[PDB]
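A.B. asks: I'd like to ask you about the structure that follows.
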Amino acid sequence: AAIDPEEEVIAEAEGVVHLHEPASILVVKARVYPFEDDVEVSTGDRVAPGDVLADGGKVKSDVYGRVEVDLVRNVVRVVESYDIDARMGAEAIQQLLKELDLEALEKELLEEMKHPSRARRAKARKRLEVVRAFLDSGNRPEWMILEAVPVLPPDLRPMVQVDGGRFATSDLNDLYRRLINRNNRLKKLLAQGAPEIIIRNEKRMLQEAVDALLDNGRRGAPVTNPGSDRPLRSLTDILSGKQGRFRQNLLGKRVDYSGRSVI
Amino acid sequence: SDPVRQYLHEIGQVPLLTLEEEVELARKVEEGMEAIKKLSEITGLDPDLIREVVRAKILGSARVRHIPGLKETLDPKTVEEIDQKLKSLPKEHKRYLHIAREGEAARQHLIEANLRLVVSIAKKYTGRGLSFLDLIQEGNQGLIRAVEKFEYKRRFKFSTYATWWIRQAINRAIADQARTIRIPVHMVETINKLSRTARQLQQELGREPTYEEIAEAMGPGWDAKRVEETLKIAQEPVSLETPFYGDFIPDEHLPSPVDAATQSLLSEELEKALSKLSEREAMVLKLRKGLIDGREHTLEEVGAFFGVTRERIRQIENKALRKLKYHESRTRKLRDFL
Amino acid sequence: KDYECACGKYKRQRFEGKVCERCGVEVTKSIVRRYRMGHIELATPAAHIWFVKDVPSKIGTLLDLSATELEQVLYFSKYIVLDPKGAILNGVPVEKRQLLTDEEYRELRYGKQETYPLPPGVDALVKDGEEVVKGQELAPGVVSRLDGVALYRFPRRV
Amino acid sequence: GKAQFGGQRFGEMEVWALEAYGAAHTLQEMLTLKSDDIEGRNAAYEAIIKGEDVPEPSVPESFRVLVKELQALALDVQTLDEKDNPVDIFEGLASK
RNA sequence: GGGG
DNA sequence: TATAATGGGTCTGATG
DNA sequence: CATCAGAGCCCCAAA
Ligand SMILES: [Zn+2]
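Protein chains in written order, with the entry's author numbering: chain A, 369 to 631; chain B, 78 to 320, 328 to 422; chain C, 54 to 211; chain D, 1023 to 1118.
Written out as C-alpha cells, the structure is:
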C-alpha cells in the first residue's frame, strides 16, 4: 500500500512473496498459532493454558499470556505474560489495609510474643500496640488513606479586601487550588484513556499535592508561591510550633480591658 | 525522591520512533478510527461507546469508569455484553473489531513515544505561574489531542503537528490556572499586551510610561482610564501569612460589642413604639420599611393585605409616623441613634 | 450576609432554613462560613501523610512495610503485588506483597522482547516467523540476545 | 499593638500566674469574655452598660477554629458529656 | 532593628 | 490546527 | 549511624 495510488506494488501475475532487507528484526518471547476460519479472541485479550483462540475451538493456547491477532500473517500470537495484579500508590495500600483482619493479626503477633531473641518480642509489641489501638477504638486502618479530602470553612482561610482595595488571601487557598487542578486534570486524563506513564505521573503529583496541603515540607521540597522562597503555610504549620494555634491562641490570647504604660 | 528526575527516567524507557514505526502507528490509529465508524453503522450503537469498550479491553481491567459523554455506565458487566455483541459478528464484520483494537494499542505507544517532545517544550514555559510538572501534564494533554487529529497522509513528521497542540495546551493552562483570581483567557491576553507594550515604551523612554503613553500605544478605544482599570483587575492577591501581614487586618464583618449593643438597644427602644401605636398601624410600617420581608412593599402591594387602597394606607402610615413623632420630644430616646 | 441569599430573592429572617431556588443559598447567620465544611472527591485515593511519615510509620508498621518500601509504592517507584496469578520472576514464583521494579513488572505483565537494527541494505540470515536460540546470529553484524519468534519489521525489498 | 488600638497579650506565662494564684474565674474571663467568646464578650458589654453583673461565658471561638482545623486534617474531634454522648458546640449550624 |  | 522540533536547572537529644 | 523536633517573655516602629 502507499500514500497515493501510484507507487503501489500491484502483483502482475501469479507468484509467491519473499521478504529481504528488513529495517530491523524484533525477537519476541511468544508462541505462534496459525488459523483457517474465524478467530474468537481479539488482540489485547489475556489467556492462560487451555483457552480457545480460533477455528471454533480447535487451536488452543499452550502458554500464558497476551493475544496479538495478526491478519497480515493469519496467525494468533500469544506473548508469554501473566495476568498479574500489581499496583502502585495509595490505591494499593488502601486495599491491603482493607484486607486486614485485625483480630487474626493480634493472635499471630501474640503467638510470637513467646519467642526469645529480644528483638522479636519487641517488634511484635510495637505492632500489637498499633493493632490493639485500632481494635479498642473502632477505627479502621484503611481510614489513614483519603478518598474524600475535607475542605476547611472559608472564613478560616479568608479572602478579604484590605484598605487599599487589594486582596489578601490565606495560603490554604493556593494549596487547595493546587490539589483541585491536579485532581480535575486526573479525572480528564482517565476518561481520555491516557497511557500508563502519564496517569502515574499525575497520581504522584496528586499525592504530592495532598501532602503539601496537610504538612508542606515534611516530604520533598516545600511548595512556594512563585518569586518568593517562603514555604506555604500548610495545615500542620498552623497547628503547631510557638506560632501555632495551641500556644499562640488557646493557651494564651490577647485581651480586652487592658493597657500598658511606663512605670 | 525528585519527581522531575523520576519522570525523566520513565520517559527514557520508551525508545523514540523511527520514521517508519512513526507512520505505521499513526496509520493503525487512523484505520482504527475508521473501523469504529464502520463498526457503529453495522452494530447500530454509539461510536463513542464502542471506542470506549475497545479501550477498556486494551488498557486492562485496571481502568473501568463512567465516561461522562457516554450514556451507559461502564461497569465490567456492560463491557462484557458489548464485547460479546462484537464477537457475535461474521468474519467479514468481526474483522473491524481487530482493527479498532490494533488502533487503540498503537495510539498508546504513539503517545508514550512522544513524551520527550513535550518535556523540551514545557521547559521553556517555566515560572509563569505553574510548576515544571504541571506544565508537562498540561503539554501531555495536547499530545493526546495531536494523536487523534494527526493526518499521516500529509507526509508531515508527527513532531511538527504535536508542537502546535502542546504549545496550545500549555499556553492555555498558564492563562487558566495561574491566578488565585481566575481571569478569562482573552482578558489575560490583553493584560499581557499592556505589559509588553509598557515595557517597550519604558525601553525607549528611559522611564516608566504614564497611563496616557500606554493608552496611546495600545491604540484606538484605549484611554488612560481603561489602562488604570485594566491594572486594577490585573492585581494578584497578597498572602495573609506574608511576614504576619494578616495580624494587622481587623475583621469588619462580625459586629463588635458596641454595635451588637446599640443594635439590640434600637430594637428594644423601637418595640416601645409597636405598643403606643396599635397592631395594624405598627405593621403597615413593617411592610413599607421592610421589617418582615426585607424589601419595601409599596402602598400598592400592601393594599392586598388589609383591603385598603393607596390612600388609606397613606393615612394609615402617616397617622403612625405623626403619632410616633409626638412620642419623640417626650421620650427623646431615638435622637442620638444615628 | 446575615439572612440573605446570593441573588437577593429572600433577604430577611422571615425565611430561615429555606434554600433559594434561583441561586441555591440558604438563609441563615453568615457565621456558618466559619463552620461549614466542604470536600474534594479524589479520583484515586491519597495517603494521609501524618500516617506515612510520622516515624515509625503507622501504615508501615501495621503492614510490615519498611520506610523505603512505603515511599516506593506510594510515590510510584515500585509495584506491590496483590495477586500473582501464577506469575514467576527469574524462577521463584511471585509471592504476594512482593515489590517489583518497573522492569520486573513489564516482564511479567507484557512479556519480553528486543529489537536489533540492521545496517542499511545488509540482509538477514534468518527469516520471518522462525524460532531462535539465545546468542543465535540474526544478521552479519547482529546476534540475538534472547529466545523466541523473530519478526521482520519493514522489509525494504520485496 | 498601640497603632491598631490593640489588646495586651496574656501569654502562657501570665496564664500560669493566674493558675498559681488559683484565680479560676479571673482566668476564665481572660480566655472568653475579654477575648474571643463572641457570645459572652458581646453579652458582657451589654451587662456593664446596663449595670448587670457579667454573664457566664460560652465557648471561645478560637476553639471552634481548632476543631474545624482538625476536621480539615481528617481528624474527628468530639465534645462529649459524661454519658459519652456528643455535645454540639456549633449549636446545630454545622450539621445537616 | 530598638525597649525592659 | 501540518517545515522540524523528542530527558531540568548550629546543637543537642531521642529513636529505627 | 540517619532523621526529626526542639531551642524565654512582653512591647515598639516598620511594612
Ligand atoms: Zn437567591
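Each residue gets a CB set at the ideal place from its N, CA and C atoms; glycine is no exception.
Which bits of chain A does B/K230 rub up against, with CB to CB less than 8 Å?
C.D. replies: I371
A.B. asks: Which residues have a Cβ closer than 7 Å to any heavy atom of ligand 1, listed in chain order?
C.D. replies: C/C58, C/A59, C/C60, C/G61, C/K62, C/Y63, C/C73, C/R75, C/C76, C/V78
A.B. asks: Determine, using beta carbons only, whether A/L540 and A/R525 come nearer to each other than 7 Å.
C.D. replies: yes
A.B. asks: What span of residues does the beta strand (DSSP E) with C/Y169 cover, start to end?
C.D. replies: 166 to 170
A.B. asks: Does DSSP classify D/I1111 as helix, strand or coil?
C.D. replies: coil
A.B. asks: For B/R379 and B/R396, I'd like the C-alpha separation in whole angstroms.
C.D. replies: 21 Å
A.B. asks: Got a sec: is the Cβ-Cβ distance from C/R67 to anything in chain B below 7 Å?
C.D. replies: yes
A.B. asks: Name, please, each residue of chain A whose Cβ falls closer than 8 Å to the Cβ of D/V1087.
C.D. replies: Here the neighbours are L524, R613, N617.
A.B. asks: List the endpoints of the continuous alpha helix (DSSP H) containing B/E181.
C.D. replies: 168 to 189
A.B. asks: Using C-beta distances below 7 Å, list every residue in its chain close to B/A182, excluding the 5 sequence neighbours before and after it, in chain order.
C.D. replies: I135
A.B. asks: Would a check of beta-carbon distances place A/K571 closer than 7 Å to chain C?
C.D. replies: yes
A.B. asks: Output, in chain order, the set of chain A residues within a Cβ distance shorter than 7 Å of C/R86.
C.D. replies: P521, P522, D523
A.B. asks: Between which residues of its own chain and B/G387 is the CB-CB distance below 7 Å, once the five residues before and five after are set aside?
C.D. replies: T393, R394, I397
A.B. asks: Answer with buried or exposed for B/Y173, where buried requires no fewer than 16 other C-beta atoms within 10 angstroms of its C-beta.
C.D. replies: buried
A.B. asks: Are the Cβ atoms of B/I221 and A/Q560 separated by less than 7 Å?
C.D. replies: yes
A.B. asks: Taking only beta-carbon positions, decide if D/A1096 is within less than 7 Å of chain C.
C.D. replies: yes
A.B. asks: Name the DSSP beta bridge partners of B/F332, please?
C.D. replies: Its beta-bridge partners do not exist; DSSP assigns none.
A.B. asks: Going by DSSP, what residues sit across from C/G91 in a beta bridge?
C.D. replies: Looking at the DSSP assignment, C/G91 forms a beta bridge with A/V519.
A.B. asks: According to DSSP, A/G433 sits in a beta bridge with which residue or residues?
C.D. replies: A/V415, A/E448
A.B. asks: Would a C-beta distance cut-off of 7 Å place B/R249 and B/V224 closer than the cut-off?
C.D. replies: no
A.B. asks: Go through its chain and collect everything with a Cβ distance to B/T274's Cβ below 8 Å, but skip five positions before and after it.
C.D. replies: So the list reads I291, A294, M295, once near-sequence residues are dropped.
A.B. asks: Anyone know if the C-beta pair for C/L115 and C/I133 falls short of 7 Å?
C.D. replies: no
A.B. asks: Does the distance from the CB of B/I247 to the CB of B/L212 come in under 7 Å?
C.D. replies: yes
A.B. asks: Below 8 Å, how does it come out for the region 478 to 488 of chain A and the region 1048 to 1060 of chain D: are there three or more Cβ pairs, yes or no?
C.D. replies: no
A.B. asks: Could you tell me if C/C58 is buried or exposed, where buried requires 16 or more neighbouring beta carbons within 10 angstroms of its beta carbon?
C.D. replies: buried
A.B. asks: Between the Cα of B/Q218 and the Cα atoms of A/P563, A/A492, A/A536, A/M527, which residue gives the shortest distance?
C.D. replies: A/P563
A.B. asks: Can A/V396 and C/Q166 be called in contact, C-beta distance under 7 Å?
C.D. replies: Yes, these two residues count as a Cβ contact at 7 Å.
A.B. asks: Just the C-alpha distance for B/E87 and B/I188, rounded to the nearest angstrom, thanks.
C.D. replies: 14 Å
A.B. asks: Exposed or buried, what is D/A1039 when buried is set at 16 or more other beta-carbons lying within 10 Å of its beta-carbon?
C.D. replies: exposed
A.B. asks: May I have a chain-ordered list of the alpha helix (DSSP H) segments no shorter than 4 residues that lie completely inside the region 1044 to 1076 of chain D?
C.D. replies: 1046 to 1053, 1060 to 1072
A.B. asks: For the region 483 to 540 of chain A, list the beta strand (DSSP E) runs that are entirely contained and at least 3 residues long, ordered along the chain.
C.D. replies: Entirely contained in the region 483 to 540 of chain A, the beta strand (DSSP E) runs reaching 3 residues are, in chain order, 513 to 519, 527 to 529, 535 to 537.
A.B. asks: Could you tell me which chain D residues have their CB closer than 7 Å to the CB of B/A366, listed as they occur along the chain?
C.D. replies: Ordered by position in chain D, no residue passes the 7 Å Cβ test against B/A366, which lies about 25 Å from the chain.
A.B. asks: List, in order along the chain, the chain A residues whose C-beta lies closer than 8 Å to that of B/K168?
C.D. replies: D405, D406
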